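The lines below spell out each chain.
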Amino acid sequence: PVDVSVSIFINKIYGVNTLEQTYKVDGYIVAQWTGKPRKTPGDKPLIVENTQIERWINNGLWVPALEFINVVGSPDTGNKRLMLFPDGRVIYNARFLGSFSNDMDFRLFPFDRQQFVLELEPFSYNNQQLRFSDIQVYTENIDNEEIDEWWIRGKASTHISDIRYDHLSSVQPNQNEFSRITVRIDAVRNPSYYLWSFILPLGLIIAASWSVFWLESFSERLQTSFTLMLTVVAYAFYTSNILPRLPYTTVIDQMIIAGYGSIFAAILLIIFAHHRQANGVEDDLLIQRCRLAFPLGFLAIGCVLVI
Amino acid sequence: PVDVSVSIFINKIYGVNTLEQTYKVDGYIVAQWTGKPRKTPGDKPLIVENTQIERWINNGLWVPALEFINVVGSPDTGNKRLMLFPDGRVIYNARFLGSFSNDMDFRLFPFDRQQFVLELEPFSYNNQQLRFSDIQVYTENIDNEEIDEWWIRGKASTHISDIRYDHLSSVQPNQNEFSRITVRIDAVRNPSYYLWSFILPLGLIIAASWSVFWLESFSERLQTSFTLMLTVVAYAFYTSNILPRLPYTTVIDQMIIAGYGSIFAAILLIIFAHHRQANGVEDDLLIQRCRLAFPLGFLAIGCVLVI
Amino acid sequence: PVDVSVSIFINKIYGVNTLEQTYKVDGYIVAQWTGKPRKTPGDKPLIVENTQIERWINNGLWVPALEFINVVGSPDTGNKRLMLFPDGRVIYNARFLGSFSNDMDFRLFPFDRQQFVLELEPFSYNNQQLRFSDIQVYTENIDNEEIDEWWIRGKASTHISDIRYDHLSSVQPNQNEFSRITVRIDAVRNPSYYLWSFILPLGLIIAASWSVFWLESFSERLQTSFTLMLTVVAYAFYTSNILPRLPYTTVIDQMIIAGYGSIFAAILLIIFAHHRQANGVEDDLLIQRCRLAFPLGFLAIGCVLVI
Amino acid sequence: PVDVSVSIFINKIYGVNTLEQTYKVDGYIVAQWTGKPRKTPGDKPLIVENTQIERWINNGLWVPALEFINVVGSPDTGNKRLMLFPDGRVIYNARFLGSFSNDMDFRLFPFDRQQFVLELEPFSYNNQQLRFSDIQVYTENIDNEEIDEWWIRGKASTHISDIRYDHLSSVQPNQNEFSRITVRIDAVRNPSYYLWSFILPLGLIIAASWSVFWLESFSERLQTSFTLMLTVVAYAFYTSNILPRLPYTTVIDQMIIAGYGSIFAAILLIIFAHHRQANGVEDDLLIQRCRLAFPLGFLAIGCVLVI
Amino acid sequence: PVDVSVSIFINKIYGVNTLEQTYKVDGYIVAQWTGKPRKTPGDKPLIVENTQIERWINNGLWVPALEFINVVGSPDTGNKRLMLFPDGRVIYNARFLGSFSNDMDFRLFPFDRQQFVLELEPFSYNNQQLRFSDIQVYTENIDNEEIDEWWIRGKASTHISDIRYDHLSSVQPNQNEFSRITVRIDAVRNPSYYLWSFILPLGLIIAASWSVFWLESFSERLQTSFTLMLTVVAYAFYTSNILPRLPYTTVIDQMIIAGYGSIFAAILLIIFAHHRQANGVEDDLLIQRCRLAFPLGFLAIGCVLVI
Ligand code: NA
Ligand code: NA
Ligand code: NA
Ligand code: NA
Ligand code: NA
Ligand code: NA
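Residues numbered from 1 in each chain as written, not as in the entry; some residues may be left out. Chains lettered and ligands numbered in written order. Heavy atoms only, no water.

Quick notes on the packing of helix α3 (residues 218-242) of chain C against helix α4 (residues 251-274) of chain C
Residue and element names in this part refer to chain C.
Part 1 of the argument: Contact pair α3 / α4: the axes reach a minimum separation of 10 Å and the direction vectors enclose 170°. In terms of orientation, α3 and α4 fall into the roughly antiparallel class. Contact with α3, carried on its side by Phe218, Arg221, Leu222, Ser225, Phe226, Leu228, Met229, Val232, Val233, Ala236 and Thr239, involves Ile252, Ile256, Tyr260, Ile263, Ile267, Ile270, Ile271 and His274 of α4 and no other residues of that element.
Part 2 of the argument: Among the residues forming the contact of α3 with α4, the class breakdown is 15 nonpolar, three polar and one charged. (Axes fitted to C-alpha atoms, helices over the stretch in contact; angles between N-to-C directions. Helix = DSSP H or I, 4+ residues; strand = E, 2+ residues; numbered from the N terminus. Parallel < 35°, antiparallel > 145°, perpendicular 65-115°, else oblique. Contact = heavy atoms within 4.5 Å. Nonpolar A, V, L, I, M, F, W, Y, C, P; charged D, E, K, R; others polar.)

Considerations on the domain arrangement of chain A
Residues and elements named next belong to chain A.
Part 1 of the argument: For chain A, the assigned domains read domain 1 (1-190) and domain 2 (191-307).
Part 2 of the argument: Using only C-alpha atoms to locate each centre, domain 1 and domain 2 end up separated by 52 Å.
Part 3 of the argument: Taken together, the contact pairs 14 residues of domain 1 with eleven residues of domain 2.
Part 4 of the argument: Both sides of the domain 1 and domain 2 interface together cover about 1,100 Å² of buried area, and 73% of this is carbon and sulfur.
Part 5 of the argument: The largest share of the area that domain 1 buries against domain 2 comes from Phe109, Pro110 and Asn190, three residues that together contribute 47% of it.
Part 6 of the argument: Put simply, domain 1 and domain 2 have four residue pairs in polar contact between them.
Part 7 of the argument: Of the residues assigned to the side of domain 1 that touches domain 2, the class counts are eight nonpolar, two polar and four charged. (Domains from an automatic or database assignment. Buried area = accessible area lost by both parts, 1.4 Å probe. Polar contact = N/O pair within 3.5 Å; in protein donor to acceptor, adjacent residues only side chain to side chain.)

Quick word on the packing of α3 of chain C against helix α2 (residues 192-210) of chain D
Part 1 of the argument: Direction vectors running N to C along α3 of chain C and α2 of chain D enclose 160°, while the axes themselves pass 12 Å from each other. As summarised for this structure, α3 of chain C and α2 of chain D are arranged roughly antiparallel, according to the angle between their axes. Remark: the crossing between α3 of chain C and α2 of chain D carries left-handed chirality. Touching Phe226, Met229, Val233 and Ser240 of chain C of α3 of chain C are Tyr193, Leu204, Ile205 and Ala208 of chain D, all from α2 of chain D.
Part 2 of the argument: The residue inventory of the contact of α3 of chain C with α2 of chain D, partitioned by class, reads seven nonpolar, one polar and no charged. (Left-handed = near helix turned anticlockwise from the far one by under 90°.)

Some points on the relation of the copies chain B and chain C
Part 1 of the argument: With an RMSD of 0.0 Å, chain B superimposes on chain C once it is rotated by 72° and translated 0.0 Å along the axis. Here the transformation between the copies is reduced to the relation of a five-fold axis. Taking the C-alpha atom as reference, chain B places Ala234 of chain B closest to the rotation axis, 6.1 Å from it.
Part 2 of the argument: Interface overlap between copies: only 8% of the residues of chain B at the interface are likewise at the interface in chain C, consistent with a contact formed by different surfaces. (Least-squares fit on C-alpha atoms.)

A closer look at the arrangement of the chains
Part 1 of the argument: Separated without contact, chain B and chain D have their nearest C-alpha atoms at a distance of 11 Å.
Part 2 of the argument: Between chain C and chain E there is no contact, and the shortest C-alpha to C-alpha separation is 12 Å.

Overview of the interface of chain A and chain E
Reports often express the size of an interface as the amount of accessible area lost when the parts come together.
Part 1 of the argument: Taken together, the contact pairs 56 residues of chain A with 51 residues of chain E.
Part 2 of the argument: Here chain A meets chain E over a buried area of about 4,700 Å², counting both sides, of which 64% is carbon and sulfur.
Part 3 of the argument: Taken as a group, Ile147, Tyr193 and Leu204 of chain A account for 13% of the area that chain A buries against chain E, more than any other trio of residues on that side.
Part 4 of the argument: Linking chain A to chain E there are one salt bridge.
Part 5 of the argument: Across the pair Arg95 of chain A and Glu67 of chain E runs a salt bridge whose closest N-O atoms are separated by 3.9 Å.
Part 6 of the argument: Across the contact surface, chain A and chain E share twelve residue pairs in polar contact.
Part 7 of the argument: Among the elements of the structure, β2 (12-17), β3 (22-34), β6 (80-84), β7 (89-101), α2 (192-210) and α3 (218-242) of chain A are those that each provide at least two residues to the side of chain A that touches chain E.
Part 8 of the argument: At twelve residues, the largest contribution of residues to the side of chain A that touches chain E is made by α3 of chain A.
Part 9 of the argument: Grouping the amino acids of the side of chain A that touches chain E by side-chain chemistry returns 27 nonpolar, 13 polar and 16 charged. (Salt bridge = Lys/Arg side-chain N within 4 Å of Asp/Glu carboxyl O.)

Okay, structure coming up:
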């Protein structure tokens with residue numbers, strides 16, 4: 001076979017779509033193999049720019065097609081390079097930009113912990129005709145973490161493994177496995193903005209909903225509860241426009257549902273408290289002293305849902 | 001004719017547009033037929049990469065154009081392969097990405113049951129010059145269902161049928177039918193997020209609207225009803241921004257309309273209850289005891305609209 | 001001249017932009033003319049696939065360029081076909097997708113009645129060098145009307161006419177008219193969702209605004225009117241986000257403006273009713289009995305604005 | 001030099017981005033110059049379709065590149081024509097679509113008065129090698145003004161002028177000026193929808209804010225003022241979603257800010273009126289009679305801000 | 001090596017994405033070097049238009065590839081020029097449009113101070129084979145600052161420096177540094193619209209929240225506080241839709257959080273004031289006199305958070 005050493009450069013990672021489970025990675029790719037010696041002009045290596053590689057391909061020069069497994073569509077390939085040493089080795093350099101898919105679980109959304117995965121595999125040649133010797137990833141673009149959405153933790157890991165296809169055994173007897181390169185890039189979401197702007201006003205609004213039990217008029221308590229329900233609906237629509245469109249509930253959504261249930265339970269308990277009277281002589285005071293038990297129950301519910 | 005065996009690979013399915021009735025499917029397509037024997041270099045099969053297929057086409061090699069019937073525009077074709085065995089058989093491999101249309105009914109929106117349909121047909125050659133022998137679809141990319149919007153149920157089905165065009169009989173006497181391949185992929189929408197975040201707060205808000213009959217002041221009942229109407233408008237706009245823009249009402253929209261009607265009926269009944277007095281001496285109490293009949297009537301209306 | 005018979009296929013129509021007055025039409029186009037006889041290989045007709053038409057064009061084969069007059073930019077041309085009979089006739093087949101402009105009036109928005117117009121004209125050749133014999137449009141893709149936004153009524157009409165350009169008389173003495181094909185496709189908007197979700201809650205909210213006159217406290221009437229005004233603002237923003245961005249008011253916008261005016265008139269009349277007293281002894285009762293005349297006046301205003 | 005007569009056709013103008021200061025213009029461009037005589041086949045002029053112009057360019061035919069100065073990126077060039085008379089003159093025809101930038105001031109937004117400017121200049125040849133003789137613009141596509149966003153007033157004006165570059169004097173001694181064509185197209189925004197749907201409900205809401213002084217309870221006046229403030233916030237968010245994202249305030253924004261200030265001043269004056277009492281015996285009546293001076297002051301403020 | 005003089009023209013700068021940290025720059029690039037003398041037709045320099053440069057490249061003419069380091073994908077290259085003097089010097093001119101990344105800190109969002117950075121470096125040739133002599137940037141397009149989002153302050157600065165790559169030492173012994181050109185363009189955000197439409201109504205709403213302490217009824221104070229909380233939620237959602245989606249809080253977000261905390265503290269203090277009574281005989285008056293200390297405390301908090 002032919003040994004190919006791959007170097008992958010990463011510039012900057014963006015375009016995370018939560019519903020589509022795609023993210024955009026921009027950077028360079030460097031591929032280097034060894035071929036037959038050629039007589040280049042001069043002792044210096046010969047270099048071929050963009051839109052001149054096709055002339056050498058039509059001449060008969062052998063270059064492989066290293067596609068990305070998890071990319072959708074085609075990557076936006078920029079400038080391409082093809083530098084030919086006279087002693088035999090060929091270095092291929094190109095710049096790409098594409099949307100890459102992954103599993104990308106989003107439970108515990110403000111405190112996410114997910115990895116960006118890049119997969120590389122030759123589109124044409126199998127293990128017996130093309131191998132990957134080693135890959136050194138270059139995630140050198142590391143800057144201050146305070147103004148970035150994603151916190152890159154540690155250094156990216158690389159692995160080389162063989163992938164066997166079951167459907168290639170129909171026409172190919174013993175050569176049906178392909179060399180694949182997988183690169184994992186760990187990242188942690190920045191939780192400062194979400195914690196400061198979403199979690200804390202939920203706590204303040206939920207405490208405001210707890211505040212309704214300190215009143216003395218039943219009808220005015222009902223109107224206060226309906227105003228609190230409208231406030232919770234308004235904050236729910238405020239969160240849902242800014243939060244992404246992932247197909248399952250987060251901690252914020254569970255907090256919103258728990259607040260809805262708390263308002264409904266408050267309405268039911270004050271209605272039951274006003275109409276516990278035998279003949280209208282009893283006061284709604286004995287069961288109305290849940291002002292120091294209802295927030296403790298909600299805190300217990302919160303501690304249950306976190307764990 | 002020429003027999004062609006087609007293999008269709010599916011990577012991941014996304015981009016469902018409810019108004020446009022389109023969805024995006026990414027994957028590979030493999031086409032294999034048999035031709036005249038050729039003298040390739042060596043006993044190994046000859047393989048042709050991307051942007052070199054056109055040279056063989058200009059040379060005189062016969063390849064067909066297998067278009068997708070239901071795609072809009074043109075698919076984003078990635079890397080293409082053309083591998084030539086010396087004993088005669090030709091294998092064509094390509095990767096595509098495009099938006100495919102379907103019927104895609106969206107009634108009962110949180111509990112959808114719809115199929116993704118891929119259609120394949122040669123753009124040029126009819127039944128007497130090109131046939132499809134068989135197709136084996138490979139929907140092997142199956143993962144955990146908990147973090148996906150669509151639940152792939154079962155295995156995708158394939159069918160080969162002939163489609164006859166009426167307009168081709170003007171110039172073609174007896175050869176006017178085309179071999180078509182149709183692939184059905186069943187899917188079920190994930191209902192957990194919608195049921196937890198939309199259906200339940202509608203029930204809580206509708207119960208809060210039922211709660212207005214437990215008051216004792218007519219004017220305060222009117223103000224409570226207007227506050228409840230504003231709350232229902234707020235939740236309606238909260239749902240309509242997050243719910244898709246399908247051109248007909250769902251179960252959630254019917255629930256919202258029923259809540260609007262319930263508030264209007266509550267307003268009309270309390271107005272009629274206050275002004276049923278002959279000379280202002282009667283109390284609004286006899287007809288106001290619909291507090292345990294109005295929710296039962298709404299539940300009956302709901303049971304009617306579900307069935 | 002050369003006679004050309006055009007067949008236009010329509011797949012599905014979507015992408016209606018109300019502000020841009022554009023819509024997207026996908027389908028096929030078939031052009032057929034007659035040329036000099038040629039010696040094709042065998043008695044069977046010779047067929048040319050995609051990206052091989054240019055070789056025959058460079059050889060000297062005459063094909064025209066049939067552009068769309070009302071399209072913006074360039075259509076997304078898919079696979080193209082070029083089939084050469086040996087007795088002389090040439091059949092050209094292609095698939096397109098583009099955004100087509102029209103007048104597209106949107107007054108009476110929920111009950112629209114507008115036509116989709118496709119225009120075809122040769123980009124290069126005039127009447128003396130190219131003619132259109134006839135066109136048969138194929139709008140065969142007709143399905144159930146219940147789940148579609150647009151109701152296709154009847155069958156599409158076709159017309160062939162000559163268009164004369166005034167600016168071509170500077171260099172061309174007597175040949176300045178071009179053969180043009182115009183295809184009209186009638187369509188009616190689906191009014192069920194709009195009528196169920198927008199018109200009816202406007203009626204309910206306007207009746208709720210009528211309900212304010214049944215109170216007995218002037219200050220509480222003012223607060224009720226301000227709450228109703230906030231509700232109408234909320235529903236106005238609910239409609240304006242979902243309704244399109246056409247540059248003029250619809251029936252829904254006129255209803256919203258009339259509701260605003262009704263609330264303002266209610267506020268002015270109750271203010272005048274409270275302060276019609278000579279020395280504070282009169283009751284606001286005689287002029288406050290417009291509870292059964294104000295809705296009739298609003299219904300008269302509605303009947304005026306519909307007609 | 002070589003004289004070139006340019007004809008510019010305009011189809012329809014759309015895509016106005018207020019923040020980006022770009023607009024989309026679709027139409028044709030016709031360029032005509034005179035060259036050496038050639039022997040075309042027959043006495044009829046020879047015509048070259050799309051994707052065959054490059055063959056004549058490679059042969060040695062001289063065509064210039066007429067770029068647009070104010071376009072961003074590249075225009076979406078459709079079909080191109082190249083018609084060669086045998087007596088010498090060459091006519092070049094092409095269709096374009098691109099986004100053109102301008103100054104495009106947006107102060108007095110509902111009553112805008114701005115011009116669309118198209119600039120043309122050869123990309124390669126200066127005044128001594130290429131000149132523009134004259135341009136006749138064809139804005140013939142004029143229709144009814146009632147259903148269009150922009151009112152085209154008058155006929156478009158054209159001007160031919162020379163533009164001198166300072167940086168070209170380093171290598172070019174006396175030939176550093178370029179012939180430029182500038183076309184001005186005047187347009188007026190349609191004010192009917194904005195005046196009916198935004199300005200009038202602002203007046204109604206501001207009158208509703210004026211209505212708070214007619215009450216008799218200080219606390220109820222405060223609650224009414226807070227409800228009016230919430231209504232003004234709701235209408236502000238209703239306007240800001242539909243109004244464009246221009247980086248400075250319009251008349252509507254100034255009206256909204258003035259309404260905010262009016263509510264704040266009303267709150268401050270009623271607070272001062274309640275607490276002007278020496279020992280709680282005075283009534284808030286003498287300074288509370290600004291009910292017929294505060295709207296006059298707001299009208300004076302409005303008349304100041306308009307002028 | 002070969003000396004290359006670069007001239008960069010800037011047309012207009014737009015498309016600032018706060019989350020993606022990208023901005024769009026349109027303009028020209030001019031590259032000039034010196035090569036071997038050639039015999040052009042005539043004493044005039046020979047000029048090569050678009051889509052004819054590739055013929056000279058295939059002939060053997062040496063042109064470099066000057067890529068942008070910080071661009072994502074590929075720039076939208078418009079018309080390209082290649083003008084060949086007969087005495088030896090080559091001038092290359094091209095027009096580009098692309099999205100360029102930067103650090104682009106957004107703290108103190110209404111009063112931003114950030115620089116637009118353009119980086120240029122040859123994609124292929126190192127310092128020993130290609131050098132940049134000097135660059136003169138032309139930011140001549142300066143207009144009135146009143147109608148622009150970004151205020152260009154001063155003149156753009158240019159710098160030429162060498163960038164050494166560590167990974168190129170594996171195959172290249174002593175030639176591993178690349179000549180890079182960096183251009184800084186300073187800009188200041190326009191603060192007039194933000195200050196007039198966001199900061200001032202926050203102050204008015206916060207003063208309205210301060211106004212709640214002037215009441216005399218505890219329950220009515222609670223309802224006023226809940227209405228103020230709903231108003232603050234409404235204004236928060238009004239700001240968050242118009243403000244960008246940067247991943248950290250701005251001054252406006254800190255003001256909103258401080259207003260939430262002020263409302264919660266007001267609720268807690270009035271609840272504590274009503275229930276400081278030993279047996280219900282005390283009045284909530286002594287601690288309720290924080291009406292002239294709570295705004296001073298909030299102003300102190302604001303002065304702390306600004307500094
Ligand atoms: Na009240
Ligand atoms: Na709202
Ligand atoms: Na929105
Ligand atoms: Na909204
Ligand atoms: Na309220
Ligand atoms: Na509200």
